[PDB]
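Notes follow once the structure below has been shown.
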Amino acid sequence: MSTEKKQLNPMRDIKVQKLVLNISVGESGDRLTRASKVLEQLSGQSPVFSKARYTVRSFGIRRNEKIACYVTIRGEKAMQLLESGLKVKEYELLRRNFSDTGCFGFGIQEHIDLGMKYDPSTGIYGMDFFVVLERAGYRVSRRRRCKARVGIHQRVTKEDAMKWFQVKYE
Amino acid sequence: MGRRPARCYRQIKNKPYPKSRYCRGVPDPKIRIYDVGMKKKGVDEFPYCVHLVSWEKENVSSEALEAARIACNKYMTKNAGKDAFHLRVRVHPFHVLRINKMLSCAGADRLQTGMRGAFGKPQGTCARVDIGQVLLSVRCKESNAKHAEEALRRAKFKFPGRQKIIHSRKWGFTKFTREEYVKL
Amino acid sequence: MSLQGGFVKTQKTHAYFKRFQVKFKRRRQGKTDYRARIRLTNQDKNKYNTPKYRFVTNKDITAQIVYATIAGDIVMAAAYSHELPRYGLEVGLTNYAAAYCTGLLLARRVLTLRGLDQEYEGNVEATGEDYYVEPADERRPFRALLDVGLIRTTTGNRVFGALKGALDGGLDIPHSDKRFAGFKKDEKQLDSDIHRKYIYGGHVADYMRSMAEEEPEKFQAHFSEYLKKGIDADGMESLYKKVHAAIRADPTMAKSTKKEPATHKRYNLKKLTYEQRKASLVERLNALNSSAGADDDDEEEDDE
Amino acid sequence: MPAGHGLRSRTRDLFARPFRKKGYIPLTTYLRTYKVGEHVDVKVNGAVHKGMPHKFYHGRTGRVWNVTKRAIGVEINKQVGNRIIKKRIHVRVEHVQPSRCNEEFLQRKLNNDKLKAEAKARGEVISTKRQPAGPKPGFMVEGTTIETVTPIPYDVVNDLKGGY
RNA sequence: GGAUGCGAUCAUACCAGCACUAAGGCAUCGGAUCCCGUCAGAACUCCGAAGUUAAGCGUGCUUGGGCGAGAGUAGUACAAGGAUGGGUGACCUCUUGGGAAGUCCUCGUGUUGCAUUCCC
RNA sequence: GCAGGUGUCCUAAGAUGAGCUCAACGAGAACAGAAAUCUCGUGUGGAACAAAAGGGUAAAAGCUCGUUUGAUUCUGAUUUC
RNA sequence: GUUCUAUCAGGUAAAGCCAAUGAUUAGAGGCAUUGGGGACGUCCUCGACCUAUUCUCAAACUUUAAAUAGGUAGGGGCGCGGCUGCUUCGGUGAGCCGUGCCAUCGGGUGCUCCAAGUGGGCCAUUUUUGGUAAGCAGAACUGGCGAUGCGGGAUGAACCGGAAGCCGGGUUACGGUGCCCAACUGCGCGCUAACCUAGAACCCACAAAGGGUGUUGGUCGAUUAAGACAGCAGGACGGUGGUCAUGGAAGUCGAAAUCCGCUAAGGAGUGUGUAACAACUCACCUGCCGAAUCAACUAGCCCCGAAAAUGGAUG
RNA sequence: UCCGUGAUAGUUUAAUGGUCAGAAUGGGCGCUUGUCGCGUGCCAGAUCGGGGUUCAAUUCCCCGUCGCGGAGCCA
């Protein structure tokens, strides 16, 4: 329903909902969740434990147990992450990783970034940095009481996404 | 095939069970193909339908559905070929015959004592072909109507419940052939 | 074509449907829970409704006293923080002191001593006080209970200040003190236990003295000056106004009013049928043409 | 197998609701409180799971006899068989519906008596109906309650149904 | 003529789409030292007006597919009572009191009770 | 007679309150297929409730979190039996 | 107890659930390997298999809406005054007591004591569930037998009439009126000739799928004195021994193809042929004859299918 | 035909508490030995067919094919 043709912006322009940096490997294969250390450094705040629910067929009977780790960041902290993260995968590159929904994600070792290797006791190769982009009004699908779906009208587009991010430092 | 004669199962008399997910061990259905002829067309080139309609509401045996069809089907191919018009058989074999099977010969037959006693191993199935239902529905083009008519006449000597041939029409073939070209 | 979203709804209609008539407009809007509603309503104590978030929020608050009847609920009194500057006050209408005073204003307004029928003894006013742990006479609460609505039991919080303004207002509302916004948390004086501060009117006072630029008109004591004017006794309002001209009106209302069906569906259908017979391509949603004349009918004639 | 009364056995209206009645019931039914001598249906909402009587009772109309906390006692009489007694049923107001028939009736009674007063100060119809009412001694009721609950232990249907 | 709170009727109250509570009778919105909270004010929440009408809340319309309700169009199924009524029979039938159904047209993209009460 | 369950298992698999709302599908994430995980959008009872069937319920009765002990003693009008 | 309200059996179209199985149109996207190509100084496209989604034809659980139908439920008021309650030293009614006032049936009927066979049924009708079925088994709802005469059904526990003190007379019910046997060899009309056939119901009275130019009857189409239908009789040259195919068609194994000159009529032919070659009839047309004909639907009865045991019957 | 009773690798035959399966022989590979054999190190199962219950079934139910035992009167 994209209504652009008016007299526009400041509510329309994109913002960062979140950056989630998530590891998926498992326990035992590298450790407890020790690339939490590496997350800890790159992002700047502590990652939180990922448990699983549902199926595996492959070892992974324990269910409730540590297997993964994540950092959902946002404000300045997400952006500050983007700046370092944004520059490492090369550019430019590419429409395919963007969804139509207007989010984009990439992989690489935590060791990419400025950072000491020396502090991370382990490095671990890859897992999604995910960037959630959205308009101001999101708060309607998010907030509890008066949830309303986000309309086609509101929802970010890959074109819109590429533009706002391509606007900045890549 | 191995005997039980169909009169016993002819009457619409007992409660209707066709439920496959509870009724375990249910054997092969038939007819092997229900609509016979083309299948590159639907009704188009065939501006005549002929039907066989039941006078008598009854349970018709699964093999009788094949037997009535096969006599009709050779008349179709032996007088109008492989990829001709299209016939449809339109009542199908819902009614699972459980019913006493496998008798023995002591002073037991009924093996446990005399009993017998449901959880019977299944024998076959019948179709409920009720009054005025269209058992066979055949779309044809007019010169070959008389060919479908002998084929329906051969069909009726091979099920129990008496039927009449009719050239079938809903909106004629003469409100269709107006209403078609009035809204284009 | 493909396509998602619509298609996974329009087929599974019957489900839809059910989703809109399981609950109605205040739940569809997402406003009122009908399990908290039932907890609080069954007894005839009235609902002491105090809204404050995704509603009226970050700007004003309201307290309403609601009873049941055959027609619908029925508010017996209400107070809005926007009426609170009438009694002199001009500092912020969303804060703890505003909420506190808005609850007194509803509570003073509900007795106000009404109707022939009266009631101001044993002992309304319980002053604009300062306060300690609820002094009543004293043991049984009735004719108001707190309907927090969507708003939380979050320990030491502004819904409780509204509740405290009810209590020091001559309403008696049920209580025990173990998540509550106690005494100084309006401001008042305080404090005890595992929860903390021992200031909160007087919030902003602590802040303001940590220097920086913000709102005009001073300081910590300006809570005290016009909490003190809201300690005075002075029922009741609202209001005197001139009524009302003719008619309705309004330029917004007008460029919206009124009706138009039938006729307008007939003008639009005429436009559609003329648009078809002058071209023939697609209809409205989504397909057909060869060659039509409205509506369900056209599709049946384009098969055979 | 002996017969019983599987208290939960055969239940499709008695617990299912139409498409139009599905989902949570609005709490106004849960809130509704009645006065003694109200005539109220018993007929469960199926979408409330507690406070229900034993399912056979549903579609009978009872008199509100007394109340205990939250649920109410409503008096009903069982039906069919032999010598059957009044029984009292404990039911919350979620399954108990006010009789509109009884309200309509109450109204139709007042209408009748507005006219009785008018037509006895300047009007004429009946005469004979004026002769009973005016005499009577009244009143309420429990002699005639025991009178009610002795022929509804019915007579000839009991012998008729007592063999076949 | 009506937006803002609490609700009744809970498939006439939808999915979808187009105008509007609004220069001092909202929500988006800004500060997050804070009570509160999170992993992370995003939610949550003390605080609060610079912007916005762009929404949400909700207001004028759109029946489009959905359906309540009804109008014609399918008296057809079905069934209660009764027949030395018919039929070899499964079965039918008259009489007595009753009678869904699909299509098309239609109405309908709310209604109602208490509030705060408002621009004209 | 058809169809199929209970003779266990549970101090949390109870209680309450705040706070949340699905299953699932598409789209996105180097590697992973079982791949969880992490995200977004759509999402009304199709999920979830130990256990048959069945029926029920969406700020819940379901989810999450803390706390708690009422699986306390004694009495019972009445329904089932 | 009809009328008011409730809500409910119930099972067809639709919805969720699910559907065997076969009959599928349009059209997006999965997967796999292979093949082909222009476009341009790889791309992109196409093809070989699967699934969305538009979606037709047919039963099956739940729900609509049942329609239904029986069920099945139900048929005093006011004021005054005291006292009370639950739920803010807070709002209210309700309860209670006291006192006054004002208001289509028709004994089908309540309570108590003490006693009985039981505490094993049957059948019919309706609705069923099992069972091939059964004078089966097992329920539901009812009427009867049991425990019910008398009259009809040849006889006959439960079908019909009918519920009975005894007797007398009258009239009837069911059912019947040729004789046996009271009472019609009744009236108007029509069908059947098989001794069909003398029969509601019955373990008891059989008769089917299917067939029948027997006969009657109803209807519709076409053909008719611009002469029909049938029969009998009579006319048909030439292209050219029709093109294919094949020992061979050549009218006449099989398969093109079916026109015309010359004509008033006159088809490249209807059945009979010899290994193959050998003739006759016939399409169409005409006469003779003179009146209805033919086609087709529908229906009745009858006929057929129709074989069993000591001796023939609808009593 | 009724009541009882079993089955696990090529073959004969152990075993469990619901989360874990063996042995011996036979056989497949080396070494003995001139060569085989005697002997000596090494190795290797859809627990009968079948469906169900459960967090997890070789193990707990139900059915069946086979192989067993034990009954079957008064004619």
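Cβ sites come from the backbone with ideal geometry, for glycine too, and all protein chains shown count toward neighbours. Just so it is clear, none of the values below were taken in a lab; they were calculated from the coordinates.
For this structure, a couple of remarks:
- Relative contact order (%) - criterion: Cα under 8 Å, at least six apart; region: chain B: 36 percent
- Normalised per residue, the volume of the convex hull around the Cα set of region C:7-79 (Å³): 129 Å³
- In units of the rule-of-thumb radius 2.2 N^0.38 Å, region A:23-170 shows an alpha carbon radius of gyration of 1.18.
- HN-Hα J in Hz across region B:161-175 - Karplus 6.51, -1.76, 1.60, θ = phi - 60°, x for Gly and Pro: x, 2, 9, 10, 5, 8, 6, 8, 9, 8, 7, x, 10, 7, 10
- Acute angle (nearest 10 degrees) that the helix B:145-155 long axis makes with the longest principal axis of chain B, alpha-carbon atoms: 10 degrees
- Across region C:1-111, Cα pairs under 8 Å and at least six residues apart give a relative contact order of 17 percent.
- P(r) tail, region C:183-304: Cα-Cα pairs separated by more than 19 Å, 75% of all pairs.
- Cβ crowding within 10 Å averaged over residues, with D:90-101, C:97-108, B:131-142 ranked highest first: C:97-108, B:131-142, D:90-101
- Look at the stretch D:14-22: the mean tally of other chain Cβ atoms within 10 Å of its residues' Cβ atoms is 1.
- In degrees, nearest ten, helix C:221-231 long axis to first principal axis of chain C (Cα): 90 degrees
- Fraction of the pair-distance distribution of region C:77-152 above 16 Å, Cα-Cα pairs, percent: 62 percent
- From phi via Karplus (6.51, -1.76, 1.60), per-residue ³J(HN,Hα) for region A:126-131 in Hz, x at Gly/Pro: x, 5, 2, 8, 10, 10
- Shape call, the protein assembly as shown: gyration tensor on alpha carbons, a/c limit 1.5: oblate
- In this structure, the amide hydrogen of B:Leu97, modeled 1.01 Å from its nitrogen in the peptide plane, lies closer than 5 angstrom to those of B:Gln123, B:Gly124, B:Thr125, B:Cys126, counting only residues at least 5 positions away or on a different chain.
- Between B:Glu58, B:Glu150, B:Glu66, the GNM of chain B built on Cα springs shorter than 10 angstrom shows B:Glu150 fluctuating the most.
- Summary value for region A:87-127: 36 percent relative contact order, contacts being C-alpha pairs under 8 angstrom separated by 6+ residues.
- Prolate/oblate/rounded label for region C:37-191 (Cα gyration tensor, a/c 1.5): rounded
- For chain B, a Gaussian network of Cα nodes joined below 10 Å ranks B:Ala80, B:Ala71, B:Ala106 by mean-square fluctuation, and the top entry is B:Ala106.
- Three principal axis extents describe the C-alpha atoms of region B:58-184; from largest down they are 74, 34, 24 Å.
- Ordering of A:163-169, A:99-105, C:26-32 by packing [mean C-beta count within 10 Å, highest first]: A:99-105, C:26-32, A:163-169
- Using the Cβ of A:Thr157 as centre and a radius below 14 Å, the other residues enclosed give a net charge of 0, where K and R count +1 and D and E count -1.
- Formal net charge of residues neighbouring D:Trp65 (Cβ-Cβ distance under 12 Å; K, R +1; D, E -1): +2
- 15 Å beta-carbon shell around C:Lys278, net charge (K/R +1, D/E -1): +1
- Three-way shape call for region D:108-164 based on the alpha-carbon gyration tensor, with the a/c threshold at 1.5: prolate
- Taking the longest Cα principal axis of chain C as reference, the axis of helix C:158-167 is set at about 60 degrees.
- Per residue of C:47-57, other chain Cβ atoms within 10 Å of the residue Cβ number 1 on average.
- Counting only DSSP H runs of at least 4 residues, each contributing -39500 (n - 2.57), and dividing by the residue count of the protein assembly as shown, the helix-based mean residue ellipticity at 222 nm comes to -7000 deg cm²/dmol.
- Ordering C:276-287, C:77-88, B:26-37 by mean Cβ neighbour count within 10 Å, with the highest value first, yields C:77-88, B:26-37, C:276-287.
- Backbone geometry of region C:38-52 corresponds, through the Karplus equation with coefficients 6.51, -1.76 and 1.60 at θ = phi - 60°, to 3J(HN,Hα) couplings of 4, 4, 6, 6, 6, 8, 6, 10, 5, 7, 8, 6, 10, x, 4 Hz, x marking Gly and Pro.
- Across peptide C:283-294, the average count of Cβ atoms from other chains found within 10 Å of a residue's Cβ is 1.
- Over 27 Å (Cα to Cα) - which of D:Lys21/D:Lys55; C:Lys59/C:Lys184; B:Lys39/B:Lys156; D:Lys22/D:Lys43; B:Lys15/B:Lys121; A:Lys15/C:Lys12 fall in this group: A:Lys15/C:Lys12
- For region B:106-161, fraction of C-alpha pairs farther apart than 14 Å, in %: 73 percent
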